[PDB]
Structure formats: structure tokens, C-alpha cells
file work_8.cif (mmCIF, C-alpha atoms)
data_work
#
loop_
_atom_site.group_PDB
_atom_site.id
_atom_site.type_symbol
_atom_site.label_atom_id
_atom_site.label_comp_id
_atom_site.auth_asym_id
_atom_site.auth_seq_id
_atom_site.Cartn_x
_atom_site.Cartn_y
_atom_site.Cartn_z
ATOM 1 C CA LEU Y 1 102.933 58.753 89.430
ATOM 2 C CA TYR Y 2 103.361 60.662 92.689
ATOM 3 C CA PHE Y 3 104.321 64.050 94.070
ATOM 4 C CA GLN Y 4 105.509 65.171 97.487
ATOM 5 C CA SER Y 5 102.891 67.407 99.029
ATOM 6 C CA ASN Y 6 103.569 70.072 101.655
ATOM 7 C CA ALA Y 7 99.987 69.716 102.868
ATOM 8 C CA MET Y 8 97.355 67.230 101.733
ATOM 9 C CA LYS Y 9 93.615 67.217 102.299
ATOM 10 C CA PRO Y 10 92.409 64.951 105.143
ATOM 11 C CA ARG Y 11 90.408 62.762 102.740
ATOM 12 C CA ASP Y 12 93.655 61.999 100.870
ATOM 13 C CA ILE Y 13 95.650 61.401 104.039
ATOM 14 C CA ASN Y 14 92.964 58.992 105.280
ATOM 15 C CA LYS Y 15 93.505 56.922 102.132
ATOM 16 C CA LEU Y 16 97.293 56.854 102.547
ATOM 17 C CA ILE Y 17 96.796 55.801 106.201
ATOM 18 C CA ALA Y 18 94.286 53.130 105.201
ATOM 19 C CA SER Y 19 96.703 51.538 102.761
ATOM 20 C CA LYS Y 20 100.151 52.349 104.148
ATOM 21 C CA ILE Y 21 99.409 51.818 107.836
ATOM 22 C CA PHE Y 22 96.592 49.277 107.761
ATOM 23 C CA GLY Y 23 97.489 47.639 104.448
ATOM 24 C CA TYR Y 24 93.956 47.926 103.013
ATOM 25 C CA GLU Y 25 93.353 47.865 99.272
ATOM 26 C CA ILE Y 26 91.831 51.141 98.093
ATOM 27 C CA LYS Y 27 89.705 51.408 94.931
ATOM 28 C CA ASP Y 28 87.912 54.590 93.877
ATOM 29 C CA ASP Y 29 88.401 55.849 97.429
ATOM 30 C CA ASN Y 30 86.800 52.895 99.239
ATOM 31 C CA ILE Y 31 88.445 50.090 101.137
ATOM 32 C CA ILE Y 32 87.841 46.822 99.331
ATOM 33 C CA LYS Y 33 88.302 43.591 101.248
ATOM 34 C CA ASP Y 34 88.933 40.277 99.514
ATOM 35 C CA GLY Y 35 88.653 42.146 96.216
ATOM 36 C CA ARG Y 36 84.848 42.487 96.291
ATOM 37 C CA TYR Y 37 83.504 43.946 99.546
ATOM 38 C CA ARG Y 38 83.501 47.722 99.917
ATOM 39 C CA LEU Y 39 83.776 49.778 103.068
ATOM 40 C CA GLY Y 40 84.107 53.489 103.697
ATOM 41 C CA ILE Y 41 87.436 54.857 104.916
ATOM 42 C CA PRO Y 42 87.757 55.989 108.562
ATOM 43 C CA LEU Y 43 88.412 59.690 109.198
ATOM 44 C CA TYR Y 44 91.795 58.975 110.769
ATOM 45 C CA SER Y 45 92.994 62.545 110.312
ATOM 46 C CA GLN Y 46 89.822 64.095 111.797
ATOM 47 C CA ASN Y 47 88.597 61.841 114.680
ATOM 48 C CA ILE Y 48 90.820 61.196 117.688
ATOM 49 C CA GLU Y 49 89.091 57.825 117.991
ATOM 50 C CA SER Y 50 90.094 56.848 114.449
ATOM 51 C CA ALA Y 51 93.490 58.471 114.833
ATOM 52 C CA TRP Y 52 94.085 56.456 117.981
ATOM 53 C CA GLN Y 53 93.667 53.302 115.936
ATOM 54 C CA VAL Y 54 96.742 54.605 114.115
ATOM 55 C CA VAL Y 55 98.667 55.164 117.342
ATOM 56 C CA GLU Y 56 98.086 51.611 118.472
ATOM 57 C CA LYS Y 57 98.597 50.080 115.038
ATOM 58 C CA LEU Y 58 102.065 51.572 114.694
ATOM 59 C CA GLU Y 59 104.818 49.262 115.944
ATOM 60 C CA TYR Y 60 106.923 52.184 117.183
ATOM 61 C CA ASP Y 61 106.601 54.236 120.338
ATOM 62 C CA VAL Y 62 104.586 57.410 119.691
ATOM 63 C CA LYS Y 63 104.469 60.787 121.479
ATOM 64 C CA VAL Y 64 101.607 63.264 121.145
ATOM 65 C CA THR Y 65 102.141 66.713 122.640
ATOM 66 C CA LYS Y 66 99.559 69.494 123.021
ATOM 67 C CA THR Y 67 100.725 73.086 123.452
ATOM 68 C CA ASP Y 68 99.347 76.586 123.029
ATOM 69 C CA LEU Y 69 101.984 77.393 120.462
ATOM 70 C CA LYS Y 70 101.629 77.269 116.684
ATOM 71 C CA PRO Y 71 101.152 74.677 115.377
ATOM 72 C CA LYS Y 72 99.354 73.356 118.458
ATOM 73 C CA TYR Y 73 100.271 69.680 118.257
ATOM 74 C CA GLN Y 74 103.545 67.816 117.784
ATOM 75 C CA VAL Y 75 103.983 64.098 117.257
ATOM 76 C CA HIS Y 76 107.096 61.953 117.489
ATOM 77 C CA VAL Y 77 107.348 58.422 116.120
ATOM 78 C CA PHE Y 78 110.504 56.599 117.126
ATOM 79 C CA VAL Y 79 111.520 54.611 114.104
ATOM 80 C CA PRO Y 80 114.610 52.403 114.476
ATOM 81 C CA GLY Y 81 117.652 54.697 114.372
ATOM 82 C CA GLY Y 82 116.168 58.175 114.266
ATOM 83 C CA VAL Y 83 112.853 59.723 115.199
ATOM 84 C CA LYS Y 84 110.220 61.215 112.929
ATOM 85 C CA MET Y 85 108.675 64.514 113.988
ATOM 86 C CA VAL Y 86 105.713 66.483 112.625
ATOM 87 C CA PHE Y 87 103.455 69.395 113.600
ATOM 88 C CA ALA Y 88 99.719 69.910 113.042
ATOM 89 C CA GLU Y 89 96.837 71.973 114.424
ATOM 90 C CA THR Y 90 94.926 68.892 115.546
ATOM 91 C CA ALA Y 91 96.053 65.743 117.318
ATOM 92 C CA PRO Y 92 94.440 63.467 114.688
ATOM 93 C CA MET Y 93 96.332 65.159 111.832
ATOM 94 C CA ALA Y 94 99.706 65.228 113.645
ATOM 95 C CA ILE Y 95 99.235 61.529 114.446
ATOM 96 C CA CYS Y 96 98.489 60.662 110.831
ATOM 97 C CA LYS Y 97 101.348 62.793 109.498
ATOM 98 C CA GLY Y 98 103.739 61.136 111.970
ATOM 99 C CA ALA Y 99 102.548 57.676 110.963
ATOM 100 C CA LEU Y 100 103.029 58.415 107.269
ATOM 101 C CA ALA Y 101 106.489 59.884 107.971
ATOM 102 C CA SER Y 102 107.567 56.646 109.657
ATOM 103 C CA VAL Y 103 106.772 54.624 106.524
ATOM 104 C CA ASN Q 1 99.480 59.976 161.008
ATOM 105 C CA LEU Q 2 97.711 62.700 159.007
ATOM 106 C CA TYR Q 3 96.826 60.928 155.759
ATOM 107 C CA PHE Q 4 94.861 57.750 155.068
ATOM 108 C CA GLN Q 5 94.342 55.576 151.993
ATOM 109 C CA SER Q 6 90.957 56.096 150.352
ATOM 110 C CA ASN Q 7 88.574 53.311 149.337
ATOM 111 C CA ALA Q 8 89.177 51.686 145.946
ATOM 112 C CA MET Q 9 88.638 53.883 142.875
ATOM 113 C CA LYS Q 10 86.687 52.563 139.916
ATOM 114 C CA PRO Q 11 86.858 54.241 136.482
ATOM 115 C CA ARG Q 12 83.423 55.694 137.123
ATOM 116 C CA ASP Q 13 84.777 57.366 140.250
ATOM 117 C CA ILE Q 14 87.699 58.831 138.324
ATOM 118 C CA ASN Q 15 85.197 60.227 135.800
ATOM 119 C CA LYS Q 16 83.262 61.977 138.558
ATOM 120 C CA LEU Q 17 86.460 63.573 139.817
ATOM 121 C CA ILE Q 18 87.336 64.663 136.278
ATOM 122 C CA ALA Q 19 83.920 66.207 135.714
ATOM 123 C CA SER Q 20 84.053 68.249 138.907
ATOM 124 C CA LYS Q 21 87.766 68.878 139.568
ATOM 125 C CA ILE Q 22 88.702 69.508 135.938
ATOM 126 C CA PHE Q 23 85.490 70.731 134.328
ATOM 127 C CA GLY Q 24 83.926 72.261 137.421
ATOM 128 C CA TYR Q 25 80.589 70.597 136.638
ATOM 129 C CA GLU Q 26 77.868 70.185 139.252
ATOM 130 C CA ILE Q 27 77.634 66.590 140.455
ATOM 131 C CA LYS Q 28 74.547 65.212 142.210
ATOM 132 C CA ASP Q 29 73.977 61.436 142.344
ATOM 133 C CA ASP Q 30 76.561 60.575 139.680
ATOM 134 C CA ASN Q 31 75.005 63.083 137.276
ATOM 135 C CA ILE Q 32 76.205 66.390 135.837
ATOM 136 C CA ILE Q 33 73.500 68.846 136.756
ATOM 137 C CA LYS Q 34 73.252 71.636 134.186
ATOM 138 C CA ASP Q 35 71.361 74.811 135.075
ATOM 139 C CA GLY Q 36 70.807 73.387 138.532
ATOM 140 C CA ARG Q 37 67.775 71.513 137.201
ATOM 141 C CA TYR Q 38 68.801 69.558 134.114
ATOM 142 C CA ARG Q 39 70.977 66.488 134.504
ATOM 143 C CA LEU Q 40 73.300 64.558 132.202
ATOM 144 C CA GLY Q 41 75.449 61.472 132.624
ATOM 145 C CA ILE Q 42 79.171 61.792 133.253
ATOM 146 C CA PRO Q 43 81.313 60.974 130.155
ATOM 147 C CA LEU Q 44 83.631 57.946 130.190
ATOM 148 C CA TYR Q 45 86.722 60.145 130.456
ATOM 149 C CA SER Q 46 88.904 57.311 131.740
ATOM 150 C CA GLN Q 47 87.727 54.841 129.116
ATOM 151 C CA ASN Q 48 86.903 56.628 125.829
ATOM 152 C CA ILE Q 49 89.725 58.412 123.978
ATOM 153 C CA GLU Q 50 87.257 60.981 122.584
ATOM 154 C CA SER Q 51 86.075 61.824 126.106
ATOM 155 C CA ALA Q 52 89.605 61.729 127.498
ATOM 156 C CA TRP Q 53 90.842 64.094 124.788
ATOM 157 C CA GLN Q 54 88.319 66.673 125.966
ATOM 158 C CA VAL Q 55 90.316 66.507 129.208
ATOM 159 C CA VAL Q 56 93.583 67.008 127.302
ATOM 160 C CA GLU Q 57 92.306 70.150 125.618
ATOM 161 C CA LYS Q 58 90.708 71.314 128.860
ATOM 162 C CA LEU Q 59 93.898 71.251 130.932
ATOM 163 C CA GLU Q 60 95.578 74.637 130.707
ATOM 164 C CA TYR Q 61 99.081 73.178 130.727
ATOM 165 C CA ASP Q 62 100.970 71.462 127.936
ATOM 166 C CA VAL Q 63 100.175 67.752 127.937
ATOM 167 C CA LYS Q 64 102.158 64.863 126.520
ATOM 168 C CA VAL Q 65 100.845 61.345 125.878
ATOM 169 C CA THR Q 66 103.357 58.579 125.221
ATOM 170 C CA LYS Q 67 102.628 55.056 123.988
ATOM 171 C CA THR Q 68 105.527 52.652 124.410
ATOM 172 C CA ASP Q 69 105.856 48.905 124.128
ATOM 173 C CA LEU Q 70 107.288 48.591 127.650
ATOM 174 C CA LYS Q 71 105.141 48.592 130.808
ATOM 175 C CA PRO Q 72 103.107 50.298 131.851
ATOM 176 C CA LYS Q 73 102.220 51.005 128.207
ATOM 177 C CA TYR Q 74 101.132 54.658 128.534
ATOM 178 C CA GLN Q 75 102.738 57.655 130.174
ATOM 179 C CA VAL Q 76 101.281 61.149 130.513
ATOM 180 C CA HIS Q 77 103.046 64.436 131.260
ATOM 181 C CA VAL Q 78 101.101 67.478 132.473
ATOM 182 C CA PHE Q 79 103.396 70.481 132.544
ATOM 183 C CA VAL Q 80 102.391 72.347 135.682
ATOM 184 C CA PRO Q 81 104.677 75.339 136.427
ATOM 185 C CA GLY Q 82 105.687 73.938 139.796
ATOM 186 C CA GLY Q 83 107.052 70.947 137.926
ATOM 187 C CA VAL Q 84 105.706 68.425 135.419
ATOM 188 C CA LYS Q 85 103.253 65.802 136.699
ATOM 189 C CA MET Q 86 103.846 62.407 135.089
ATOM 190 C CA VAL Q 87 101.702 59.294 135.467
ATOM 191 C CA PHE Q 88 101.479 55.775 134.065
ATOM 192 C CA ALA Q 89 98.527 53.683 132.937
ATOM 193 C CA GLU Q 90 97.699 50.836 130.600
ATOM 194 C CA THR Q 91 95.426 52.987 128.440
ATOM 195 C CA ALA Q 92 95.669 56.530 127.109
ATOM 196 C CA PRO Q 93 92.271 57.493 128.575
ATOM 197 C CA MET Q 94 93.223 56.429 132.106
ATOM 198 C CA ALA Q 95 96.741 57.882 131.902
ATOM 199 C CA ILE Q 96 95.216 61.164 130.715
ATOM 200 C CA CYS Q 97 92.759 61.269 133.602
ATOM 201 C CA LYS Q 98 95.397 60.271 136.178
ATOM 202 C CA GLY Q 99 97.635 63.085 134.927
ATOM 203 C CA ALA Q 100 94.800 65.630 134.945
ATOM 204 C CA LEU Q 101 93.949 64.819 138.535
ATOM 205 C CA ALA Q 102 97.616 65.001 139.564
ATOM 206 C CA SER Q 103 97.641 68.564 138.193
ATOM 207 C CA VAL Q 104 94.953 69.367 140.778
ATOM 208 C CA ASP Q 105 96.803 67.698 143.647
ATOM 209 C CA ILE Q 106 95.105 64.312 143.632
ATOM 210 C CA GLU Q 107 97.701 61.577 143.259
ATOM 211 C CA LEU Q 108 96.462 58.077 142.394
ATOM 212 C CA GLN Q 109 98.194 54.766 143.124
#

call {"tool": "encode", "arguments": {"input": "work_8.cif", "output": "C-alpha cells"}}
result
Amino acid sequence: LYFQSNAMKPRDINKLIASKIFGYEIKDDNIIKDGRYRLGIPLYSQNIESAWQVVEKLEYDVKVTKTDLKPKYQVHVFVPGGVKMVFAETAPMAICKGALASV
Amino acid sequence: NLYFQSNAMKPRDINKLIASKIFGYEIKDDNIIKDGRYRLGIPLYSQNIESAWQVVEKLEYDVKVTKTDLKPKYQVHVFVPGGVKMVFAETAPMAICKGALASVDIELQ
């Protein structure tokens, strides 16, 4: 079961990114490789370093814009035929939201 | 002939320029001198995305960072009132620094 959320907690977004963008298997909120080795999940939606892994991982062109408006950041992901667009107060969250929108 | 081409610029040189021209830090012997007596190293602005993002949020203009699959890979827009400053680079950190310096009248080829 699933539900469309208007705004999800970073911890939850990091899991969606882990599996949907990086294809990792998640189990009880950990990444599990080869079905037996556990790893913690990167804070994609909080660190720009982690979030940048997202930017590079995506196959599409990506635009990150910083302004002084509200919300501060805007991200564009150019999916074939159409472009996804999102807003967020931080670059890492706008990046993750854009990535998830393109999938 | 009024202008001349400078000596080669290494990433570490770009970082020094960022520290002083963008952050206004005190630079003495490749160090950021805090309180005129305490020194720190200069962050890898042109190499680390965390350091480079500090530059993004420092610049007072809107900034845009684009990653494309064509070349050069990265493009940065710094929206200076006079007219946007756009640069290219193979990495986001370097493109960010190149664009920040262009916003302070320091082009880089």
C-alpha cells in the first residue's frame, strides 16, 4: 500500500532515493546488499554531498537554482518529453524531490 | 596592449581567490588568518561540492547550476544585475567557483 504525500520527512525520502534512484534493497530502513550485508542510508535530502550523488546518478540533465524567494531552491530534471520541476528550502531536498519526480 | 595573460591557475589558486574575493577572508601564505593571529587552511572550494556550495549561498545573486550530458558537462549562471555571468567546467565545484569569480570581474579561460 502507498499514499501520495504532499511533504515527506527526509528520512523517508532518503529511503525512496536509495531504492528508486540507486536501486538498493531496503529492509527495516537499512540498505542490504546481496541479501545479507547491512549499510546505513545516506542523508541524500540533507547533505549536498550525498544529494550530489543523486545529481550525477540521474541520467537526465538537471538544473539547480538558488534564489532569495520562497521556496529558496528550484530544481528541474529534463525527462524525455517534458520536464519535472520542484521547489524546496534546501538544495539537497529540491534535488531529491526532482529525482523522485522523474521516476 | 593593456592586458596580459596571467600564469597558470591551479585549483588551489582558485580557492585562494574565492576565500578573499568572495568571502573577504585574510590570506597570508595560503592560509586564512582569523583574528589577525589565528590561521586556518583554505577550503577546497573548487573541488568539494560541500565547500563549493558555501560559495553558492554566499553569492548575493541568484545562482544556477546545470549538469548536462554534453560538454563541457557543467554550466553555472550567476545573475548579476548588469547581466548574467555564465561559465563552463567539468565539475560543479569548479563551475561554481569560476562563476563566482566572474561576478567579481575575474574571467577565467

call {"tool": "interface_residues", "arguments": {"input": "work_8.cif", "of": "chain Y", "to": "chain Q", "cutoff": "8 Å", "atoms": "all atoms listed in the file", "output": "JSON list (two decimals) with C-alpha atoms, in the frame of the given file"}}
result
[["chain", "number", "residue", "atom", "x", "y", "z"],
["Y", 48, "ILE", "CA", 90.82, 61.20, 117.69],
["Y", 49, "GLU", "CA", 89.09, 57.82, 117.99],
["Y", 52, "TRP", "CA", 94.08, 56.46, 117.98],
["Y", 55, "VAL", "CA", 98.67, 55.16, 117.34],
["Y", 56, "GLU", "CA", 98.09, 51.61, 118.47],
["Y", 60, "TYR", "CA", 106.92, 52.18, 117.18],
["Y", 61, "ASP", "CA", 106.60, 54.24, 120.34],
["Y", 62, "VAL", "CA", 104.59, 57.41, 119.69],
["Y", 63, "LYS", "CA", 104.47, 60.79, 121.48],
["Y", 64, "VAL", "CA", 101.61, 63.26, 121.14],
["Y", 65, "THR", "CA", 102.14, 66.71, 122.64],
["Y", 66, "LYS", "CA", 99.56, 69.49, 123.02],
["Y", 67, "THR", "CA", 100.72, 73.09, 123.45],
["Y", 68, "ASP", "CA", 99.35, 76.59, 123.03]]

call {"tool": "atom_distance", "arguments": {"input": "work_8.cif", "atom1": "atom CA of residue Y:82", "atom2": "atom CA of residue Y:58"}}
result
15.6 Å

call {"tool": "atom_distance", "arguments": {"input": "work_8.cif", "atom1": "atom CA of residue Y:45", "atom2": "atom CA of residue Y:4"}}
result
18.1 Å

call {"tool": "closest_residue", "arguments": {"input": "work_8.cif", "among": "Q:93, Q:99, Q:33, Q:12", "to": "residue Q:80", "atoms": "all atoms listed in the file"}}
result
Q:99

call {"tool": "residues_around", "arguments": {"input": "work_8.cif", "residues": "residue Y:100", "least_positions_apart": "6", "cutoff": "9 Å", "atoms": "only C-alpha atoms", "output": "mmCIF file with C-alpha atoms, keeping the file's coordinate frame"}}
result
data_model
loop_
_atom_site.group_PDB
_atom_site.id
_atom_site.type_symbol
_atom_site.label_atom_id
_atom_site.label_comp_id
_atom_site.auth_asym_id
_atom_site.auth_seq_id
_atom_site.Cartn_x
_atom_site.Cartn_y
_atom_site.Cartn_z
ATOM 1 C CA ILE Y 13 95.650 61.401 104.039
ATOM 2 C CA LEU Y 16 97.293 56.854 102.547
ATOM 3 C CA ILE Y 17 96.796 55.801 106.201
ATOM 4 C CA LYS Y 20 100.151 52.349 104.148
ATOM 5 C CA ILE Y 21 99.409 51.818 107.836
#

call {"tool": "resolve_selection", "arguments": {"input": "work_8.cif", "expression": "the PyMOL selection byres ((chain Y and resi 28) around 12)", "output": "NGL selection string"}}
result
:Y and (12 or 15 or 25-27 or 29-32 or 38-41)

call {"tool": "write_last_selection", "arguments": {"input": "work_8.cif", "atoms": "C-alpha atoms", "output": "mmCIF file, in the coordinates of the input"}}
result
data_model
loop_
_atom_site.group_PDB
_atom_site.id
_atom_site.type_symbol
_atom_site.label_atom_id
_atom_site.label_comp_id
_atom_site.auth_asym_id
_atom_site.auth_seq_id
_atom_site.Cartn_x
_atom_site.Cartn_y
_atom_site.Cartn_z
ATOM 1 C CA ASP Y 12 93.655 61.999 100.870
ATOM 2 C CA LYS Y 15 93.505 56.922 102.132
ATOM 3 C CA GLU Y 25 93.353 47.865 99.272
ATOM 4 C CA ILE Y 26 91.831 51.141 98.093
ATOM 5 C CA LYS Y 27 89.705 51.408 94.931
ATOM 6 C CA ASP Y 29 88.401 55.849 97.429
ATOM 7 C CA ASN Y 30 86.800 52.895 99.239
ATOM 8 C CA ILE Y 31 88.445 50.090 101.137
ATOM 9 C CA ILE Y 32 87.841 46.822 99.331
ATOM 10 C CA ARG Y 38 83.501 47.722 99.917
ATOM 11 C CA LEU Y 39 83.776 49.778 103.068
ATOM 12 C CA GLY Y 40 84.107 53.489 103.697
ATOM 13 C CA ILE Y 41 87.436 54.857 104.916
#

call {"tool": "atom_distance", "arguments": {"input": "work_8.cif", "atom1": "atom CA of residue Y:72", "atom2": "atom CA of residue Q:95"}}
result
20.7 Å

call {"tool": "resolve_selection", "arguments": {"input": "work_8.cif", "expression": "the PyMOL selection byres ((chain Y and resi 44) around 8)", "output": "count of residues only"}}
result
17

call {"tool": "closest_residue", "arguments": {"input": "work_8.cif", "among": "Q:36, Q:91, Q:55, Q:85", "to": "residue Q:71", "atoms": "only C-alpha atoms"}}
result
Q:91

call {"tool": "residues_around", "arguments": {"input": "work_8.cif", "residues": "residue Y:86", "least_positions_apart": "5", "cutoff": "7 Å", "atoms": "all atoms listed in the file", "output": "MDAnalysis selection string"}}
result
chainID Y and resid 74:76 94 97:98

call {"tool": "axis_aligned_box", "arguments": {"input": "work_8.cif", "around": "stretch 22-35 of chain Q", "padding_each_side": "5 Å", "output": "JSON"}}
result
{"center_x": 80.0, "center_y": 67.7, "center_z": 138.3, "size_x": 27.3, "size_y": 24.2, "size_z": 18.2}

call {"tool": "closest_residue", "arguments": {"input": "work_8.cif", "among": "Y:9, Y:3, Y:18, Y:103", "to": "residue Y:59", "atoms": "only C-alpha atoms"}}
result
Y:103

call {"tool": "decode", "arguments": {"input": "work_8.cif", "residues": "stretch 3-15 of chain Q", "atoms": "N, CA and C atoms", "output": "PDB file, in the first residue's frame"}}
result
ATOM      1  N   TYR Q   3      46.341  44.604 -21.416  1.00  0.00           N
ATOM      2  CA  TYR Q   3      46.191  43.386 -20.628  1.00  0.00           C
ATOM      3  C   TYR Q   3      47.152  42.270 -21.031  1.00  0.00           C
ATOM      4  N   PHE Q   4      47.446  41.400 -20.071  1.00  0.00           N
ATOM      5  CA  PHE Q   4      48.369  40.292 -20.284  1.00  0.00           C
ATOM      6  C   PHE Q   4      47.822  39.018 -19.642  1.00  0.00           C
ATOM      7  N   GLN Q   5      48.137  37.866 -20.227  1.00  0.00           N
ATOM      8  CA  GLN Q   5      47.656  36.610 -19.662  1.00  0.00           C
ATOM      9  C   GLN Q   5      48.469  36.206 -18.440  1.00  0.00           C
ATOM     10  N   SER Q   6      47.764  35.939 -17.346  1.00  0.00           N
ATOM     11  CA  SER Q   6      48.378  35.532 -16.092  1.00  0.00           C
ATOM     12  C   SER Q   6      49.064  34.169 -16.207  1.00  0.00           C
ATOM     13  N   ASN Q   7      49.762  33.779 -15.141  1.00  0.00           N
ATOM     14  CA  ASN Q   7      50.415  32.477 -15.106  1.00  0.00           C
ATOM     15  C   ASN Q   7      49.283  31.474 -14.922  1.00  0.00           C
ATOM     16  N   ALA Q   8      49.576  30.195 -15.131  1.00  0.00           N
ATOM     17  CA  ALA Q   8      48.569  29.147 -14.987  1.00  0.00           C
ATOM     18  C   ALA Q   8      47.931  29.168 -13.601  1.00  0.00           C
ATOM     19  N   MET Q   9      46.650  28.811 -13.550  1.00  0.00           N
ATOM     20  CA  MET Q   9      45.877  28.777 -12.312  1.00  0.00           C
ATOM     21  C   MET Q   9      45.552  27.361 -11.894  1.00  0.00           C
ATOM     22  N   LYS Q  10      46.000  26.972 -10.712  1.00  0.00           N
ATOM     23  CA  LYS Q  10      45.711  25.639 -10.207  1.00  0.00           C
ATOM     24  C   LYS Q  10      44.483  25.770  -9.309  1.00  0.00           C
ATOM     25  N   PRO Q  11      43.775  24.658  -9.044  1.00  0.00           N
ATOM     26  CA  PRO Q  11      42.590  24.731  -8.189  1.00  0.00           C
ATOM     27  C   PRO Q  11      42.876  25.442  -6.876  1.00  0.00           C
ATOM     28  N   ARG Q  12      44.050  25.185  -6.309  1.00  0.00           N
ATOM     29  CA  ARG Q  12      44.413  25.817  -5.055  1.00  0.00           C
ATOM     30  C   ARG Q  12      44.510  27.326  -5.172  1.00  0.00           C
ATOM     31  N   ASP Q  13      44.798  27.815  -6.373  1.00  0.00           N
ATOM     32  CA  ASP Q  13      44.887  29.255  -6.591  1.00  0.00           C
ATOM     33  C   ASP Q  13      43.479  29.828  -6.669  1.00  0.00           C
ATOM     34  N   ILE Q  14      42.587  29.084  -7.321  1.00  0.00           N
ATOM     35  CA  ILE Q  14      41.198  29.494  -7.446  1.00  0.00           C
ATOM     36  C   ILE Q  14      40.625  29.609  -6.041  1.00  0.00           C
ATOM     37  N   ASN Q  15      40.917  28.623  -5.188  1.00  0.00           N
ATOM     38  CA  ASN Q  15      40.410  28.624  -3.813  1.00  0.00           C
ATOM     39  C   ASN Q  15      40.841  29.875  -3.062  1.00  0.00           C
TER      40      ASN Q  15
END
